[PDB]
Amino acid sequence: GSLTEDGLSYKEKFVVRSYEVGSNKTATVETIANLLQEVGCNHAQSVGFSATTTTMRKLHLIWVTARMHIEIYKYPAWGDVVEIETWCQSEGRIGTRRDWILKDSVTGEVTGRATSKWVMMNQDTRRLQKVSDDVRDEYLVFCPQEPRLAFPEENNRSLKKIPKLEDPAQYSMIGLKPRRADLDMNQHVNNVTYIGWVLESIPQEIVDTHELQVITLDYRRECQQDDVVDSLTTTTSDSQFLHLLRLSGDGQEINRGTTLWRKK
Amino acid sequence: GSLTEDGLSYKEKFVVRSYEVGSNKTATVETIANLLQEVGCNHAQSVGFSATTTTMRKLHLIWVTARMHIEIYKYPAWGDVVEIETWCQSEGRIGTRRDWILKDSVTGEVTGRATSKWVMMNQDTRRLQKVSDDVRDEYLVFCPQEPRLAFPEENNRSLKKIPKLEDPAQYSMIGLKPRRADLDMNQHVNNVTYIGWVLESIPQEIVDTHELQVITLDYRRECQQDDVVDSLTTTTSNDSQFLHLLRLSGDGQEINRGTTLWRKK
Ligand SMILES: CNS(=O)(=O)c1cccc(C)c1F
Ligand SMILES: CNS(=O)(=O)c1cccc(C)c1F
């Protein structure tokens, strides 16, 4: 992959692998989400980051995902080339935004888009911070100056408030645990695992008849290596669902979400 | 990737990804196993296979993995390029063997090697059987004629008999279940999931202080999408060795057995 001419965005091609596809022989939304993260990491590495910046590594600050929104129009097939472009933007004290556009490399057609909201947080205390007084001028040089939005439409799905699912759930998958393949290099559960856990309470009949078009997920609290998760889904409708992940015991909320599915 | 000049083997390069690495900032053995499977798939495609032949698709026959043996000398770092060569050989009526060599693309040095034994199964009845000369003839052209072995050693760990771990296990991880990301495109549990389940009963202290050099895994029965697995490990030993068992958490039906060898970092 490479920074573009202007140095303000990053592009990378991926060939979809045999083990990356589901029952329709196209990429899973988990494979997509993993590629979004990989191109995000190659963007950071290209400009000298990693997404830590000098004064963050100093005060022990990290970027952590508050929110992920992905919309897929077509899932690439096994052996297809998908091109992903990614860029970041400041949203003032709130935090930072990373957006993605996915294209069919051959047709140059847009096959998906994604946006995500990141916040600061001290790694040790896990206390949510606001973007420094201004000292966070270290990274504005690497973002477009004028707004560039994968989701430009005022009042659009990517920004909607998600409510808390109420017991009893219509569906549940309980006792989900992460294995070592689910940890990142710093031994924290991978953001993509939570996507997989949310989708595990969708009934097989839906996954067999429908394709996933939209997923929005809030990250409230991290699941540790030795935590156990329950995944809850209720139909609210195309088929739409409301999602909740919570710790198997006390029922502490770790994620909430919505998905939208189209008949195949 | 491409077939080599003689079209008897297949080469492919992979750049190691951010999410494919462990605590060492190098590729997990599960990432490696997944790359072996991917390059194996691209070789099959390159010669007009599915890994079924015409006769196999007729008689409703598949190849299934009986055994996987991996030896890694060095795990490639995040952003490193690894080059994998793979080929198959007929083992007569017993089945087929697929072999792999892993190299540092830059230095050209051998960083790993693997071998696997495949047997024929009726899709529907799940009944193993000997290879028929008719089936054999259809793919023997695509294999070297003179033996080409990733593991030449006169007495090689790759072929050693694995015993059944004795209750009580020294260590265990209980209630392991597959999610949808553990299924392949035909909704069977991915062979690589079993590797990760075997490793889940190794204590964190070994993993933090050691590196996996060797893993041998026998595949006895398939775990189904709604099965639950128990993983059992006992120390059998500077080098730590373990004996492994995966079994269904209810009746305790065996799905896998294995051994691992670890060396101090
Ligand atoms: C993720 N958020 S970031 O670290 O603030 C950031 C902003 C701009 C460009 C890059 C590469 C970047 F990593
Ligand atoms: C698994 N063994 S195989 O499918 O019979 C086979 C034999 C030779 C070459 C190829 C590509 C092949 F896939």
# chains A, B, ... in the order shown; residues from 1 in each chain; ligands from 1
$ residues_around --residues "residue 171 of chain A" --least-positions-apart "6" --cutoff "10 Å" --atoms "only C-alpha atoms" --output "ChimeraX atom specification"
/A:200-203,231-235,243
$ interface_residues --of "chain A" --to "chain B" --cutoff "9 Å" --atoms "only C-alpha atoms" --output "ChimeraX atom specification"
/A:17-26,28,30-31,34,37-38,41-42,175-177,179-181,183-187,190,196-197,199-200
$ write_last_selection --atoms "C-alpha atoms" --output "PDB file, in the first residue's frame"
ATOM      1  CA  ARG A  17      -7.996 -15.795   0.814  1.00  0.00           C
ATOM      2  CA  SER A  18      -9.721 -19.303   0.973  1.00  0.00           C
ATOM      3  CA  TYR A  19     -10.060 -19.290   4.825  1.00  0.00           C
ATOM      4  CA  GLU A  20     -11.440 -15.628   4.790  1.00  0.00           C
ATOM      5  CA  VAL A  21     -14.765 -16.467   3.010  1.00  0.00           C
ATOM      6  CA  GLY A  22     -18.135 -17.767   4.362  1.00  0.00           C
ATOM      7  CA  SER A  23     -20.857 -20.096   2.883  1.00  0.00           C
ATOM      8  CA  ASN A  24     -21.550 -17.695  -0.094  1.00  0.00           C
ATOM      9  CA  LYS A  25     -17.767 -17.909  -1.042  1.00  0.00           C
ATOM     10  CA  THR A  26     -17.438 -14.137  -0.299  1.00  0.00           C
ATOM     11  CA  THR A  28     -17.019 -12.307   6.003  1.00  0.00           C
ATOM     12  CA  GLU A  30     -14.954 -10.109  10.204  1.00  0.00           C
ATOM     13  CA  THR A  31     -12.396 -10.447   7.311  1.00  0.00           C
ATOM     14  CA  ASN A  34      -9.526  -7.139   9.902  1.00  0.00           C
ATOM     15  CA  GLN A  37      -7.523  -2.447  10.765  1.00  0.00           C
ATOM     16  CA  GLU A  38      -4.508  -3.661   8.736  1.00  0.00           C
ATOM     17  CA  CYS A  41      -1.961   0.193  10.840  1.00  0.00           C
ATOM     18  CA  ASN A  42      -0.045   0.584   7.495  1.00  0.00           C
ATOM     19  CA  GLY A 175     -20.554 -18.571  27.673  1.00  0.00           C
ATOM     20  CA  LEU A 176     -18.475 -17.082  24.761  1.00  0.00           C
ATOM     21  CA  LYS A 177     -14.749 -16.921  25.776  1.00  0.00           C
ATOM     22  CA  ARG A 179      -8.802 -17.912  22.867  1.00  0.00           C
ATOM     23  CA  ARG A 180      -5.202 -16.739  22.172  1.00  0.00           C
ATOM     24  CA  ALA A 181      -5.997 -16.270  18.398  1.00  0.00           C
ATOM     25  CA  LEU A 183      -5.766 -11.484  21.398  1.00  0.00           C
ATOM     26  CA  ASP A 184      -3.717  -8.702  19.636  1.00  0.00           C
ATOM     27  CA  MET A 185       0.098  -8.345  20.086  1.00  0.00           C
ATOM     28  CA  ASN A 186      -0.493  -6.521  23.496  1.00  0.00           C
ATOM     29  CA  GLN A 187      -2.701  -9.409  24.814  1.00  0.00           C
ATOM     30  CA  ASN A 190      -9.171  -7.789  19.139  1.00  0.00           C
ATOM     31  CA  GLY A 196     -18.056 -12.075  15.748  1.00  0.00           C
ATOM     32  CA  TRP A 197     -19.602 -12.435  19.248  1.00  0.00           C
ATOM     33  CA  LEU A 199     -23.282 -11.997  15.198  1.00  0.00           C
ATOM     34  CA  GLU A 200     -23.273 -15.435  17.049  1.00  0.00           C
TER      35      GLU A 200
END
$ atom_distance --atom1 "atom CA of residue 111 of chain B" --atom2 "atom CA of residue 156 of chain B"
17.6 Å
$ select_by_dssp --residues "segment 113-218 of chain B" --states "helix (DSSP H, G or I)" --output "MDAnalysis selection string"
chainID B and resid 133:140 157:159 180:182 191:200 204:209
$ write_last_selection --atoms "N, CA and C atoms" --output "compact mmCIF listing (two decimals), in the first residue's frame"
# COMPACT_ATOMS: atom_id res chain seq x y z
N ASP B 133 -6.83 -46.88 -8.40
CA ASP B 133 -5.89 -46.57 -9.52
C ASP B 133 -6.51 -45.50 -10.44
N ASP B 134 -7.82 -45.55 -10.72
CA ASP B 134 -8.55 -44.60 -11.61
C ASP B 134 -8.34 -43.16 -11.12
N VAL B 135 -8.61 -42.92 -9.82
CA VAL B 135 -8.41 -41.62 -9.10
C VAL B 135 -6.92 -41.27 -9.12
N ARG B 136 -6.05 -42.23 -8.77
CA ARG B 136 -4.58 -42.05 -8.66
C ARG B 136 -4.05 -41.44 -9.96
N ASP B 137 -4.38 -42.03 -11.11
CA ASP B 137 -3.88 -41.63 -12.46
C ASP B 137 -4.18 -40.15 -12.77
N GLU B 138 -5.36 -39.66 -12.36
CA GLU B 138 -5.87 -38.27 -12.58
C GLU B 138 -4.97 -37.19 -11.95
N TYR B 139 -4.16 -37.49 -10.93
CA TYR B 139 -3.36 -36.44 -10.23
C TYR B 139 -1.86 -36.72 -10.12
N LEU B 140 -1.42 -37.93 -10.47
CA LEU B 140 -0.01 -38.38 -10.30
C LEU B 140 0.92 -37.57 -11.22
N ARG B 157 10.51 -37.06 13.54
CA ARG B 157 9.36 -36.76 14.44
C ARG B 157 8.05 -36.75 13.63
N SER B 158 8.05 -36.26 12.38
CA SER B 158 6.86 -36.16 11.49
C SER B 158 6.06 -37.46 11.36
N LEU B 159 6.67 -38.63 11.60
CA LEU B 159 6.04 -39.96 11.41
C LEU B 159 5.86 -40.71 12.75
N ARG B 180 -18.73 -18.75 14.15
CA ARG B 180 -18.86 -18.81 12.67
C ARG B 180 -17.50 -18.53 12.01
N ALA B 181 -16.67 -17.67 12.58
CA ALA B 181 -15.34 -17.38 12.00
C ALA B 181 -14.47 -18.65 12.05
N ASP B 182 -14.79 -19.67 12.87
CA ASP B 182 -14.05 -20.97 12.88
C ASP B 182 -14.54 -21.91 11.80
N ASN B 191 -9.50 -26.83 10.09
CA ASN B 191 -8.41 -27.62 10.71
C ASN B 191 -7.54 -26.83 11.67
N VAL B 192 -7.38 -25.52 11.43
CA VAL B 192 -6.46 -24.62 12.19
C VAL B 192 -7.05 -24.30 13.58
N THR B 193 -8.38 -24.27 13.71
CA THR B 193 -9.10 -24.11 15.00
C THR B 193 -8.61 -25.17 16.01
N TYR B 194 -8.44 -26.42 15.57
CA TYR B 194 -8.01 -27.52 16.48
C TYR B 194 -6.62 -27.26 17.01
N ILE B 195 -5.77 -26.69 16.16
CA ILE B 195 -4.41 -26.29 16.59
C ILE B 195 -4.61 -25.29 17.73
N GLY B 196 -5.46 -24.29 17.56
CA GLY B 196 -5.60 -23.24 18.59
C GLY B 196 -6.21 -23.82 19.88
N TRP B 197 -7.18 -24.74 19.74
CA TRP B 197 -7.77 -25.47 20.91
C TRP B 197 -6.68 -26.30 21.61
N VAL B 198 -5.81 -26.98 20.87
CA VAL B 198 -4.75 -27.80 21.54
C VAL B 198 -3.91 -26.84 22.36
N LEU B 199 -3.54 -25.67 21.81
CA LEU B 199 -2.59 -24.74 22.49
C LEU B 199 -3.23 -24.02 23.70
N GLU B 200 -4.55 -23.93 23.79
CA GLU B 200 -5.26 -23.24 24.88
C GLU B 200 -4.99 -23.87 26.25
N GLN B 204 0.11 -20.10 30.49
CA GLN B 204 0.52 -18.78 29.93
C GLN B 204 2.02 -18.61 30.17
N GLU B 205 2.53 -19.07 31.32
CA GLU B 205 3.96 -18.98 31.72
C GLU B 205 4.83 -19.68 30.66
N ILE B 206 4.45 -20.85 30.15
CA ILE B 206 5.26 -21.49 29.09
C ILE B 206 5.26 -20.54 27.90
N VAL B 207 4.10 -20.04 27.52
CA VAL B 207 3.93 -19.28 26.25
C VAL B 207 4.72 -17.97 26.32
N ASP B 208 4.78 -17.37 27.50
CA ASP B 208 5.46 -16.08 27.81
C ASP B 208 6.97 -16.25 27.78
N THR B 209 7.47 -17.45 28.09
CA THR B 209 8.91 -17.75 28.30
C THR B 209 9.45 -18.67 27.20
$ closest_atom_pairs --of "chain B" --to "ligand 2" --cutoff "6 Å" --atoms "only C-alpha atoms and all ligand atoms" --output "Markdown table"
| residue | atom | partner | partner_atom_place_in_ligand_line | distance |
| --- | --- | --- | --- | --- |
| B:43 | CA | ligand 2 | 11 (C) | 4.7 |
| B:44 | CA | ligand 2 | 11 (C) | 3.7 |
| B:47 | CA | ligand 2 | 11 (C) | 6.0 |
| B:51 | CA | ligand 2 | 4 (O) | 4.3 |
| B:88 | CA | ligand 2 | 8 (C) | 4.8 |
| B:96 | CA | ligand 2 | 2 (N) | 5.6 |
| B:139 | CA | ligand 2 | 7 (C) | 5.2 |
| B:142 | CA | ligand 2 | 9 (C) | 4.7 |
| B:143 | CA | ligand 2 | 8 (C) | 5.1 |
$ residues_near_ligand --ligand "ligand 1" --cutoff "9 Å" --atoms "only C-alpha atoms and all ligand atoms" --output "ChimeraX atom specification"
/A:8-10,40-53,62-63,86-90,95-98,118,136,138-144
$ write_last_selection --atoms "N, CA, C and O atoms" --output "tab-separated table (two decimals), in the first residue's frame"
chain	number	residue	atom	x	y	z
A	8	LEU	N	-2.29	12.59	2.41
A	8	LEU	CA	-3.41	12.79	3.37
A	8	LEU	C	-4.35	11.57	3.44
A	8	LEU	O	-5.43	11.66	4.15
A	9	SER	N	-4.03	10.48	2.73
A	9	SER	CA	-4.81	9.23	2.76
A	9	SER	C	-3.91	8.08	2.32
A	9	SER	O	-2.78	8.39	1.85
A	10	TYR	N	-4.34	6.81	2.53
A	10	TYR	CA	-3.51	5.59	2.33
A	10	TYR	C	-4.35	4.57	1.59
A	10	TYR	O	-5.56	4.49	1.89
A	40	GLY	N	-5.36	0.57	8.32
A	40	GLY	CA	-5.21	1.61	9.36
A	40	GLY	C	-3.80	1.57	9.94
A	40	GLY	O	-3.18	2.64	10.12
A	41	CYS	N	-3.30	0.38	10.24
A	41	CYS	CA	-1.96	0.19	10.84
A	41	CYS	C	-0.93	0.61	9.79
A	41	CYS	O	0.02	1.26	10.16
A	42	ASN	N	-1.08	0.24	8.52
A	42	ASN	CA	-0.05	0.58	7.49
A	42	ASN	C	-0.06	2.12	7.27
A	42	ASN	O	0.98	2.67	7.09
A	43	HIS	N	-1.19	2.80	7.36
A	43	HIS	CA	-1.26	4.27	7.29
A	43	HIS	C	-0.44	4.89	8.42
A	43	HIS	O	0.45	5.72	8.11
A	44	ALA	N	-0.70	4.51	9.67
A	44	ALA	CA	0.04	4.97	10.87
A	44	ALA	C	1.56	4.79	10.69
A	44	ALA	O	2.32	5.73	11.01
A	45	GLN	N	1.98	3.61	10.25
A	45	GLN	CA	3.42	3.25	10.08
A	45	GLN	C	4.04	4.14	9.01
A	45	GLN	O	5.22	4.50	9.15
A	46	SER	N	3.28	4.51	7.98
A	46	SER	CA	3.78	5.28	6.81
A	46	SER	C	4.16	6.71	7.22
A	46	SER	O	5.03	7.27	6.55
A	47	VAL	N	3.51	7.25	8.26
A	47	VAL	CA	3.71	8.67	8.67
A	47	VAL	C	4.47	8.76	10.00
A	47	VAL	O	4.55	9.87	10.54
A	48	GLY	N	4.97	7.64	10.53
A	48	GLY	CA	5.82	7.69	11.74
A	48	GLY	C	5.09	7.47	13.05
A	48	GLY	O	5.66	7.82	14.09
A	49	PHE	N	3.88	6.92	13.01
A	49	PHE	CA	3.09	6.77	14.27
A	49	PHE	C	3.13	5.33	14.75
A	49	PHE	O	3.93	4.55	14.18
A	50	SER	N	2.32	5.00	15.77
A	50	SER	CA	2.22	3.61	16.30
A	50	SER	C	3.51	3.23	17.05
A	50	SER	O	3.40	3.03	18.27
A	51	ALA	N	-1.96	3.83	17.82
A	51	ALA	CA	-1.63	4.96	16.91
A	51	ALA	C	-1.00	6.10	17.71
A	51	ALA	O	-1.36	7.27	17.47
A	52	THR	N	-0.05	5.75	18.58
A	52	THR	CA	0.58	6.64	19.59
A	52	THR	C	1.38	7.75	18.90
A	52	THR	O	1.97	7.47	17.83
A	53	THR	N	1.39	8.95	19.49
A	53	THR	CA	2.20	10.12	19.06
A	53	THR	C	2.99	10.67	20.25
A	53	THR	O	2.35	11.11	21.22
A	62	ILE	N	-3.40	6.36	24.83
A	62	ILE	CA	-3.65	5.50	23.63
A	62	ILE	C	-4.94	6.00	22.97
A	62	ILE	O	-5.69	6.67	23.66
A	63	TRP	N	-5.14	5.70	21.68
A	63	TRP	CA	-6.46	5.81	21.00
A	63	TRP	C	-7.19	4.48	21.18
A	63	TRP	O	-6.55	3.46	20.94
A	86	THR	N	-8.06	4.86	3.21
A	86	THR	CA	-8.33	5.27	4.60
A	86	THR	C	-7.67	6.61	4.92
A	86	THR	O	-6.61	6.95	4.42
A	87	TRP	N	-8.33	7.35	5.75
A	87	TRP	CA	-7.83	8.66	6.19
A	87	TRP	C	-8.40	8.94	7.57
A	87	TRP	O	-9.42	8.34	7.95
A	88	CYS	N	-7.76	9.83	8.28
A	88	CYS	CA	-8.16	10.24	9.62
A	88	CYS	C	-8.53	11.70	9.59
A	88	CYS	O	-8.10	12.42	8.71
A	89	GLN	N	-9.34	12.10	10.57
A	89	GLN	CA	-9.77	13.51	10.78
A	89	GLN	C	-9.84	13.77	12.29
A	89	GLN	O	-10.17	12.83	13.03
A	90	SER	N	-9.53	14.99	12.72
A	90	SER	CA	-9.76	15.47	14.10
A	90	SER	C	-11.24	15.85	14.25
A	90	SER	O	-11.81	16.38	13.27
A	95	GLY	N	-12.36	13.56	20.05
A	95	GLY	CA	-11.38	12.53	19.67
A	95	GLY	C	-11.01	12.64	18.20
A	95	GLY	O	-10.94	13.77	17.68
A	96	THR	N	-10.79	11.50	17.55
A	96	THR	CA	-10.37	11.38	16.13
A	96	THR	C	-11.33	10.43	15.41
A	96	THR	O	-12.00	9.63	16.11
A	97	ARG	N	-11.41	10.54	14.08
A	97	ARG	CA	-12.30	9.72	13.22
A	97	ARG	C	-11.44	9.06	12.13
A	97	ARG	O	-10.61	9.78	11.54
A	98	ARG	N	-11.62	7.76	11.89
A	98	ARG	CA	-10.91	7.06	10.80
A	98	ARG	C	-12.02	6.53	9.94
A	98	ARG	O	-12.93	5.88	10.51
A	118	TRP	N	-12.75	7.29	17.67
A	118	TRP	CA	-11.70	6.93	18.65
A	118	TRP	C	-11.62	8.02	19.72
A	118	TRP	O	-11.89	9.19	19.39
A	136	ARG	N	-2.03	18.35	20.58
A	136	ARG	CA	-2.47	17.42	19.49
A	136	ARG	C	-2.52	18.16	18.14
A	136	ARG	O	-3.48	17.93	17.37
A	138	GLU	N	0.27	17.66	16.53
A	138	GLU	CA	1.26	16.66	16.04
A	138	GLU	C	0.71	15.88	14.84
A	138	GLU	O	1.56	15.39	14.06
A	139	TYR	N	-0.62	15.73	14.70
A	139	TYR	CA	-1.23	14.82	13.69
A	139	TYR	C	-2.19	15.53	12.73
A	139	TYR	O	-2.52	14.89	11.71
A	140	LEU	N	-2.59	16.78	12.97
A	140	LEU	CA	-3.51	17.52	12.06
A	140	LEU	C	-2.87	17.66	10.67
A	140	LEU	O	-3.63	17.61	9.69
A	141	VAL	N	-1.55	17.80	10.59
A	141	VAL	CA	-0.77	17.87	9.32
A	141	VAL	C	-1.01	16.61	8.47
A	141	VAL	O	-0.82	16.69	7.24
A	142	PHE	N	-1.32	15.47	9.11
A	142	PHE	CA	-1.58	14.18	8.40
A	142	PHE	C	-3.07	13.94	8.05
A	142	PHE	O	-3.34	12.92	7.42
A	143	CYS	N	-4.00	14.81	8.43
A	143	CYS	CA	-5.45	14.73	8.09
A	143	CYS	C	-5.82	15.78	7.04
A	143	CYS	O	-5.26	16.86	7.07
A	144	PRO	N	-6.82	15.53	6.16
A	144	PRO	CA	-7.32	16.57	5.26
A	144	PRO	C	-7.81	17.73	6.14
A	144	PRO	O	-8.29	17.49	7.24
$ atom_distance --atom1 "atom CA of residue 129 of chain A" --atom2 "atom CA of residue 160 of chain A"
22.9 Å
$ residues_around --residues "segment 117-120 of chain B" --least-positions-apart "6" --cutoff "10 Å" --atoms "only C-alpha atoms" --output "VMD selection string"
chain B and resid 52 56 61 to 69 88 to 91 93 to 99 126 to 132 159 218
$ write_last_selection --atoms "C-alpha atoms" --output "compact mmCIF listing (two decimals), in the first residue's frame"
# COMPACT_ATOMS: atom_id res chain seq x y z
CA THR B 52 -11.41 -33.15 -5.60
CA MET B 56 -13.95 -38.06 -6.71
CA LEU B 61 -15.18 -38.57 -2.36
CA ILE B 62 -13.05 -35.86 -0.53
CA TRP B 63 -9.47 -35.57 0.88
CA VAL B 64 -9.46 -35.05 4.69
CA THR B 65 -6.38 -34.39 6.87
CA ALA B 66 -5.25 -37.36 9.03
CA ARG B 67 -2.06 -35.61 10.22
CA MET B 68 -0.32 -32.21 10.24
CA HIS B 69 3.33 -31.76 11.36
CA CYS B 88 2.02 -33.19 -3.27
CA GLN B 89 3.13 -36.84 -3.59
CA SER B 90 1.09 -40.05 -3.96
CA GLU B 91 1.64 -42.51 -1.01
CA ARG B 93 -3.42 -46.57 -1.71
CA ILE B 94 -2.84 -45.07 1.80
CA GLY B 95 -3.60 -41.50 0.47
CA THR B 96 -1.56 -38.35 -0.42
CA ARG B 97 1.08 -36.17 1.34
CA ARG B 98 1.28 -32.39 0.99
CA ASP B 99 4.63 -30.79 1.99
CA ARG B 126 -17.72 -40.45 6.38
CA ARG B 127 -16.18 -43.90 5.49
CA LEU B 128 -12.36 -43.82 4.87
CA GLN B 129 -11.14 -46.04 1.96
CA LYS B 130 -8.02 -46.88 -0.11
CA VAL B 131 -7.21 -44.74 -3.23
CA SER B 132 -8.38 -46.40 -6.54
CA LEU B 159 6.04 -39.96 11.41
CA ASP B 218 -3.67 -36.41 14.44
$ residues_around --residues "segment 229-240 of chain B" --least-positions-apart "3" --cutoff "10 Å" --atoms "only C-alpha atoms" --output "count of residues only"
51
$ atom_distance --atom1 "atom CA of residue 32 of chain A" --atom2 "atom CA of residue 70 of chain A"
9.1 Å
$ closest_residue --among "A:83, A:127, A:227, A:119" --to "residue 107 of chain A" --atoms "only C-alpha atoms"
A:83
$ residues_around --residues "residue 264 of chain A" --least-positions-apart "6" --cutoff "8 Å" --atoms "only C-alpha atoms" --output "short mmCIF file (atom, residue, chain, number, x, y, z; two decimals) with C-alpha atoms, in the first residue's frame"
data_model
loop_
_atom_site.label_atom_id
_atom_site.label_comp_id
_atom_site.auth_asym_id
_atom_site.auth_seq_id
_atom_site.Cartn_x
_atom_site.Cartn_y
_atom_site.Cartn_z
CA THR A 209 -31.32 -16.36 3.72
CA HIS A 210 -30.02 -12.76 4.29
CA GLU A 211 -26.76 -10.83 3.67
#
$ select_by_dssp --residues "segment 22-197 of chain A" --states "strand (DSSP E)" --output "MDAnalysis selection string"
chainID A and resid 64:72 81:90 96:104 110:119 171:176
$ write_last_selection --atoms "N, CA and C atoms" --output "short mmCIF file (atom, residue, chain, number, x, y, z; two decimals), in the first residue's frame"
data_model
loop_
_atom_site.label_atom_id
_atom_site.label_comp_id
_atom_site.auth_asym_id
_atom_site.auth_seq_id
_atom_site.Cartn_x
_atom_site.Cartn_y
_atom_site.Cartn_z
N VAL A 64 -8.46 4.52 21.60
CA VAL A 64 -9.33 3.32 21.78
C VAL A 64 -10.65 3.56 21.04
N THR A 65 -11.23 2.50 20.45
CA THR A 65 -12.43 2.63 19.59
C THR A 65 -13.66 2.82 20.47
N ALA A 66 -14.39 3.90 20.23
CA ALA A 66 -15.70 4.13 20.83
C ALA A 66 -16.73 3.46 19.94
N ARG A 67 -16.54 3.56 18.62
CA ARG A 67 -17.61 3.22 17.66
C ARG A 67 -17.03 2.80 16.32
N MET A 68 -17.66 1.76 15.77
CA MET A 68 -17.40 1.20 14.43
C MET A 68 -18.75 1.12 13.70
N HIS A 69 -18.81 1.65 12.46
CA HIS A 69 -19.98 1.55 11.55
C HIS A 69 -19.47 1.08 10.18
N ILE A 70 -19.95 -0.06 9.71
CA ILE A 70 -19.56 -0.61 8.39
C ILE A 70 -20.83 -0.83 7.58
N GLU A 71 -20.81 -0.42 6.30
CA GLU A 71 -21.87 -0.67 5.28
C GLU A 71 -21.25 -1.39 4.08
N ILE A 72 -21.70 -2.61 3.76
CA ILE A 72 -21.18 -3.40 2.61
C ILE A 72 -22.28 -3.54 1.56
N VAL A 81 -9.57 -8.94 -5.90
CA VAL A 81 -8.73 -7.84 -5.36
C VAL A 81 -9.68 -6.74 -4.88
N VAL A 82 -9.60 -6.42 -3.60
CA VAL A 82 -10.31 -5.25 -2.98
C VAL A 82 -9.27 -4.16 -2.67
N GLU A 83 -9.59 -2.93 -3.04
CA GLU A 83 -8.72 -1.77 -2.72
C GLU A 83 -9.43 -0.99 -1.63
N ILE A 84 -8.67 -0.64 -0.59
CA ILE A 84 -9.17 0.10 0.58
C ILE A 84 -8.38 1.40 0.70
N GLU A 85 -9.10 2.51 0.75
CA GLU A 85 -8.51 3.85 1.05
C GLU A 85 -8.98 4.29 2.45
N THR A 86 -8.06 4.86 3.21
CA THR A 86 -8.33 5.27 4.60
C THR A 86 -7.67 6.61 4.92
N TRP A 87 -8.33 7.35 5.75
CA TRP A 87 -7.83 8.66 6.19
C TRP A 87 -8.40 8.94 7.57
N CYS A 88 -7.76 9.83 8.28
CA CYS A 88 -8.16 10.24 9.62
C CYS A 88 -8.53 11.70 9.59
N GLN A 89 -9.34 12.10 10.57
CA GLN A 89 -9.77 13.51 10.78
C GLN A 89 -9.84 13.77 12.29
N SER A 90 -9.53 14.99 12.72
CA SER A 90 -9.76 15.47 14.10
C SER A 90 -11.24 15.85 14.25
N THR A 96 -10.79 11.50 17.55
CA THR A 96 -10.37 11.38 16.13
C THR A 96 -11.33 10.43 15.41
N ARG A 97 -11.41 10.54 14.08
CA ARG A 97 -12.30 9.72 13.22
C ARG A 97 -11.44 9.06 12.13
N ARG A 98 -11.62 7.76 11.89
CA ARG A 98 -10.91 7.06 10.80
C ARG A 98 -12.02 6.53 9.94
N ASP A 99 -11.95 6.85 8.64
CA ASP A 99 -12.93 6.44 7.61
C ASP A 99 -12.26 5.57 6.56
N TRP A 100 -13.04 4.72 5.89
CA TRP A 100 -12.56 3.81 4.83
C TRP A 100 -13.53 3.78 3.65
N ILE A 101 -13.00 3.63 2.44
CA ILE A 101 -13.83 3.31 1.24
C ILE A 101 -13.24 2.05 0.66
N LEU A 102 -14.10 1.08 0.34
CA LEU A 102 -13.71 -0.22 -0.28
C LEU A 102 -14.15 -0.24 -1.74
N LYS A 103 -13.24 -0.62 -2.65
CA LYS A 103 -13.56 -0.69 -4.11
C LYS A 103 -13.20 -2.07 -4.67
N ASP A 104 -14.00 -2.51 -5.64
CA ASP A 104 -13.64 -3.54 -6.65
C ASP A 104 -12.49 -2.95 -7.48
N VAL A 110 -17.40 1.29 -5.88
CA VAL A 110 -17.44 1.33 -4.40
C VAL A 110 -18.27 0.14 -3.91
N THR A 111 -17.67 -0.80 -3.19
CA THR A 111 -18.39 -2.00 -2.68
C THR A 111 -18.67 -1.88 -1.18
N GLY A 112 -18.07 -0.91 -0.49
CA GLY A 112 -18.41 -0.66 0.92
C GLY A 112 -17.78 0.61 1.46
N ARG A 113 -18.17 1.01 2.67
CA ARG A 113 -17.56 2.16 3.37
C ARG A 113 -17.68 1.94 4.88
N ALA A 114 -16.81 2.57 5.66
CA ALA A 114 -16.78 2.42 7.12
C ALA A 114 -16.29 3.70 7.74
N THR A 115 -16.78 3.96 8.94
CA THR A 115 -16.32 5.06 9.78
C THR A 115 -16.20 4.53 11.21
N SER A 116 -15.28 5.11 11.98
CA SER A 116 -15.05 4.75 13.40
C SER A 116 -14.62 5.97 14.19
N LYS A 117 -15.10 6.07 15.43
CA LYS A 117 -14.81 7.16 16.39
C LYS A 117 -13.88 6.61 17.47
N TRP A 118 -12.75 7.29 17.67
CA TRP A 118 -11.70 6.93 18.65
C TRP A 118 -11.62 8.02 19.72
N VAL A 119 -11.31 7.62 20.96
CA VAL A 119 -11.14 8.53 22.14
C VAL A 119 -9.81 8.20 22.82
N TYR A 171 -33.17 -13.87 21.30
CA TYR A 171 -32.13 -14.89 21.01
C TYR A 171 -30.92 -14.68 21.91
N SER A 172 -30.15 -15.74 22.19
CA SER A 172 -28.92 -15.58 22.99
C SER A 172 -27.91 -16.68 22.64
N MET A 173 -26.64 -16.36 22.73
CA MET A 173 -25.53 -17.33 22.72
C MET A 173 -24.70 -17.01 23.98
N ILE A 174 -24.59 -17.95 24.91
CA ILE A 174 -23.97 -17.65 26.24
C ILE A 174 -22.65 -18.41 26.42
N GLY A 175 -21.79 -17.89 27.28
CA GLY A 175 -20.55 -18.57 27.67
C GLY A 175 -19.49 -18.43 26.61
N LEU A 176 -19.55 -17.43 25.72
CA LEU A 176 -18.47 -17.08 24.76
C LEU A 176 -17.22 -16.62 25.51
#
